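Undergrad: If you scroll down you'll find the structure; I have some questions about it.
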Amino acid sequence: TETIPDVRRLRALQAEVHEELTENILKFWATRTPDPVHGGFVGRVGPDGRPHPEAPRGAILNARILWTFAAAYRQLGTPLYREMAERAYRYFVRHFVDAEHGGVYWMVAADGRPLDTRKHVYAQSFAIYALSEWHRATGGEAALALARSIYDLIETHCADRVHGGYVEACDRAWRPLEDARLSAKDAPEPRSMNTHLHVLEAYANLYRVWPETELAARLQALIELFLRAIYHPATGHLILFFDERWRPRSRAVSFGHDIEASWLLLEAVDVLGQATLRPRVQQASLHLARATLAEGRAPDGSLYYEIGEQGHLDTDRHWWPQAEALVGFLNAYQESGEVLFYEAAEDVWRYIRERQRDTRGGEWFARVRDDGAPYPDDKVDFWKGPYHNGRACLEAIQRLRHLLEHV
Ligand SMILES: [Cl-]
Numbered sequence: 003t004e005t006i007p008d009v010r011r012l013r014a015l016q017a018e019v020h021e022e023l024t025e026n027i028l029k030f031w032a033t034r035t036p037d038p039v040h041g042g043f044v045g046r047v048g049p050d051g052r053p054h055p056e057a058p059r060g061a062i063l064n065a066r067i068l069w070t071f072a073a074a075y076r077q078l079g080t081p082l083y084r085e086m087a088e089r090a091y092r093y094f095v096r097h098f099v100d101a102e103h104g105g106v107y108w109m110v111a112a113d114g115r116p117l118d119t120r121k122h123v124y125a126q127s128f129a130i131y132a133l134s135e136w137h138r139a140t141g142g143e144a145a146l147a148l149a150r151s152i153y154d155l156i157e158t159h160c161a162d163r164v165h166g167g168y169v170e171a172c173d174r175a176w177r178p179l180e181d182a183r184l185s186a187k188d189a190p191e192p193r194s195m196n197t198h199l200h201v202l203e204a205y206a207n208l209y210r211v212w213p214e215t216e217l218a219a220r221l222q223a224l225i226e227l228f229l230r231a232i233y234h235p236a237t238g239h240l241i242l243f244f245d246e247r248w249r250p251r252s253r254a255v256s257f258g259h260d261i262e263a264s265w266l267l268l269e270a271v272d273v274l275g276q277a278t279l280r281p282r283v284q285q286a287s288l289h290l291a292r293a294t295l296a297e298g299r300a301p302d303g304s305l306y307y308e309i310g311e312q313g314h315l316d317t318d319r320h321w322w323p324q325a326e327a328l329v330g331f332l333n334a335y336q337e338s339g340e341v342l343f344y345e346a347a348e349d350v351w352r353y354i355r356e357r358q359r360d361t362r363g364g365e366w367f368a369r370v371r372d373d374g375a376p377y378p379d380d381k382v383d384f385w386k387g388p389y390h391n392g393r394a395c396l397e398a399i400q401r402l403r404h405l406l407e408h409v
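Okay, here's the thing in structure tokens:
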């Protein structure tokens, strides 16, 4: 009694996603961004497509490059992707990893000198995520050892054992900082959904390759924290910021984070095999997906950016909520069998192809205005890597593969 798109549509979508990933996204990243002056990858590519090999380089961006090429190599086998992942890994271990205090710096100069040595848990998480993926792709001993060491440092220096969750930022020597903001956009609050979501993402990937008993407990605790404190059943949205006891300190809504968490939370419970927790997670996941469907979309099926603290709807289409909606809506279809979620995934894909991707300049525009005008944002910067859209394509390809095997 399944309602399933026919084989032609499934395969056509899967082929388009594969083409987008390999002939647009990963081609852009492998050709435009490697830096032969300092090694590794440039920190910025302007709106005109010009790379900036002297720009400062973010740990999150470089972890995202490593993760994406590692994952693409694992799933597709293309040798260039292993080469690019190795390139990212080598620069990462050389320069971003703090050999003295452990963990990864926030920002290095292009030549590798530390510039911002804070140890932000969000960056530590992306390091774990990328290093565990590189281990998954290669069996790399050192990659896994490094991921485990960063996990240990997060638990040792940042875990709030009274209230759950984590202090989100420390200085180089792991002393907590008051200002845990990722950027000026973020509320000056001690706890954020965003950082905790990516701890969960990292821990789930680490557990997949290293099923340590204590890590399972920490990951389950994070799932339970989302269910009890962050997910808001009255509205179907994640609460974004909190004090240390998880009292809400924001009313903003992030549609992209809702739909990302919708599928990441289920990936996390399934990595654990926690069948007892899964019904509650699936319920919250489907709720987040329905709330996104009903409240976060433009009539073309693309996702708006946010409802701000004053209630203003930011109608800009940022690139990464569209990517996360592609995966999250496909995932919601897989979980519920409700083909309306597949229709929604198809609609966001069509928007990605017709508006968000930059056919002339390559990759995807960071932002498209409500009237269709692409903003002249950088194509690559501290916050724009290949991970959201690369992962989204890889996820969709594999999910469509599974759906194709239902026949
Ligand atoms: Cl990204």
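In the deposited numbering, the protein residues as written are 3 to 409. All C-beta atoms, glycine included, are put in the ideal place defined by N, C-alpha and C.
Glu203 and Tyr131: beta carbons closer than 8 Å?
TA: yes
Undergrad: Would you call the CB atoms of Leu274 and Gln222 closer than 8 Å?
TA: yes
Undergrad: Can you tell me where the beta strand (DSSP E) with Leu229 in it begins and where it stops?
TA: That residue, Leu229, is in no beta strand (DSSP E); it is neither H nor E in DSSP.
Undergrad: Using a threshold of 7 Å, is the CB atom of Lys381 nearer than that to any non-hydrogen atom of ligand 1?
TA: no
Undergrad: Which of the three DSSP states is assigned to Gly60 in this structure?
TA: strand
Undergrad: Take residue 2 and list the residues in its own chain whose beta-carbon comes closer than 7 Å to its own, dropping the five residues that flank it on each side.
TA: Look at the range of the chain in this structure, 3 to 409, and you will see that residue 2 is not part of it.
Undergrad: Exposed or buried, what is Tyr377 when buried is set at 16 or more other beta-carbons lying within 10 Å of its beta-carbon?
TA: Exposed, because fewer than 16 other Cβ atoms sit within 10 Å of the Cβ of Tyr377.
Undergrad: Starting from the Cα of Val350, find the closest Cα among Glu4, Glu226 and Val19 and give me that residue.
TA: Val19
Undergrad: Using the C-alpha atoms, what's the distance from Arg174 back to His159?
TA: 12 Å
Undergrad: What whole-angstrom Cβ distance do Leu396 and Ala74 have, given they're in contact under 8 Å?
TA: 6 Å
Undergrad: Kindly list the residues whose CB is nearer than 8 Å to the CB of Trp321, restricted to its own chain and excluding five residues on each side of it in sequence; keep chain order.
TA: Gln358, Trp366, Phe367, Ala368, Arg369, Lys386, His390 and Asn391
Undergrad: Please go through the same chain and pick out, in chain order, the residues whose beta-carbon is closer than 8 Å to the beta-carbon of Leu148, but skip the five residues on each side of it.
TA: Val95, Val99, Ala129 and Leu133
Undergrad: Quick one: what's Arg89 bridged to in DSSP?
TA: The partner list for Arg89 (beta bridge, DSSP) is empty, contrary to what the question assumes.
Undergrad: In whole angstroms, what is the alpha-carbon distance linking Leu208 and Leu155?
TA: 14 Å
Undergrad: Starting from the Cα of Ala57, find the closest Cα among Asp113, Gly258, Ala254 and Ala300 and give me that residue.
TA: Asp113
Undergrad: Taking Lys29 as the reference, give the member of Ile399, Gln400, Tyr344 and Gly364 with the closest Cα.
TA: The shortest C-alpha separation from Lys29 is found at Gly364.
Undergrad: When you compare only the Cα positions, how much space is there between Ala334 and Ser264?
TA: 8 Å
Undergrad: Please confirm whether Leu406 and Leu23 have their CB atoms less than 8 Å apart.
TA: no
Undergrad: Tell me which residue opens and which closes the beta strand (DSSP E) that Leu396 is part of.
TA: Where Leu396 is concerned, there is no enclosing beta strand (DSSP E), although the alpha helix (DSSP H) it sits in stretches over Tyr389 to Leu406.
Undergrad: With DSSP collapsed to three states, give me the class of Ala171.
TA: strand
Undergrad: Which residues mark the beginning and the end of the alpha helix (DSSP H) in which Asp272 is found?
TA: Run containing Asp272: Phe257 to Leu274, per the alpha helix (DSSP H) assignment.
Undergrad: Start and end of the alpha helix (DSSP H) containing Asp349?
TA: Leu342 to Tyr353 is the extent of the alpha helix (DSSP H) around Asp349.
Undergrad: With DSSP as the reference, label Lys29 as helix, strand or coil.
TA: helix
Undergrad: Looking only at its own chain, which residues have a Cβ that is under 6 Å from the Cβ of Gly60, when we skip the five neighbours before and after it?
TA: So the list reads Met109 and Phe384, once near-sequence residues are dropped.
Undergrad: Where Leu290 and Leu402 are concerned, what is the direct C-alpha to C-alpha distance, given to the nearest angstrom?
TA: Approximately 22 Å between the Cα atoms of the pair.
Undergrad: Any heavy atom of ligand 1 inside 7 Å of the beta-carbon of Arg46?
TA: no
Undergrad: Can we count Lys187 as close to ligand 1, meaning its CB is less than 7 Å from some heavy atom?
TA: no
Undergrad: Who are the Cβ neighbours of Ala206 in its own chain at under 7 Å, not counting the five residues just before and after it?
TA: Here the set comprises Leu221, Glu269, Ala270 and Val273.
Undergrad: Please state if the CB of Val255 and the CB of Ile309 are separated by a distance shorter than 8 Å.
TA: Judged by beta-carbon spacing, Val255 lies within the 8 Å limit of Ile309, meaning their Cβ atoms are closer than that value.
Undergrad: Assuming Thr317 and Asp260 are in contact, meaning their beta carbons sit under 8 Å apart, how far apart are those beta carbons, in whole angstroms?
TA: With a Cβ gap of about 17 Å, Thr317 and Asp260 do not count as contacting.
Undergrad: Which residues mark the beginning and the end of the alpha helix (DSSP H) in which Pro116 is found?
TA: Run containing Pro116: none in the alpha helix (DSSP H); it sits in the beta strand (DSSP E), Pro116 to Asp118.
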